[PDB]
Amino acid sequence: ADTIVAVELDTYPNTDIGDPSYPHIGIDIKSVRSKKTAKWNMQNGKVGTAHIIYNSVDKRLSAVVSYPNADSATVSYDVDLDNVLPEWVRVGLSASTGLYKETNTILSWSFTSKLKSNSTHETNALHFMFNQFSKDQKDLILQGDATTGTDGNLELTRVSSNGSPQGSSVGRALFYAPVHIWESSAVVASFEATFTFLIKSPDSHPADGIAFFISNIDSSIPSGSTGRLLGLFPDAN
């Protein structure tokens, strides 16, 4: 199977697979059953911002999700990504819907990764910033139901011609270039990601969520990973 590290923005409480009984953010290390979660007051129809950070000095993956004028939700987990991911990865966004549904609309996405050796200063970096998505956007790999360009946004899951979100949908967008996330003899490595999103739904209990993820380069949507599996995992183990 793929190898996945992710930050989930999980809108739907699947208590039969260990979710808490409320919408939540979580750190997922090789399982949908998050290693750490925090309560998240998702605001239906408002634009939110997610920030994700990591560095190899502290070996701590952290995320903060906010809406204007409200308390943020923050979650952190101590993990050494050298012990989890391959050296080269792709980074992406994923989302899903199930019985219940929501738009999984990405309005912007930026990412930076740095890798520094002990040679003097000698540091490599990748940075991208999408504030407008186009169709046929050749620097993204779209998987499943994801589309780009409608109103300049990335729609990870299916929406009808008028903006009604559909159930049983899954889609992802991966940046085209591989990213060098760690190296045996690097002095320091770090990354950060930010995205803004609009989750809107007619349902009183929207579903299923959005995730930022890091995977093996050749990662693909696992069969059946709509709904609670967020396009990331083949099962709930």
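Residue indices: 1-based, along the sequence shown.
Stretches 155-163 and 101-109 differ in mean C-alpha B factor, with the higher average recorded for 155-163.
Stretches 136-144 and 115-123 differ in mean C-alpha B factor, with the higher average recorded for 115-123. Compared with the other modelled residues of the chain, the Cα B-factor recorded for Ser225 ranks in the highest third. Among the modelled residues of the chain, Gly26 sits in the middle third by CA temperature factor in this PDB entry. When the modelled residues of the chain are ordered by C-alpha B-factor, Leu81 sits in the highest third. For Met42, the recorded CA B-factor ranks within the highest third of the chain. Only modelled residues enter the ranking. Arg60: CA B factor lies in the middle third for its chain, per the PDB record.
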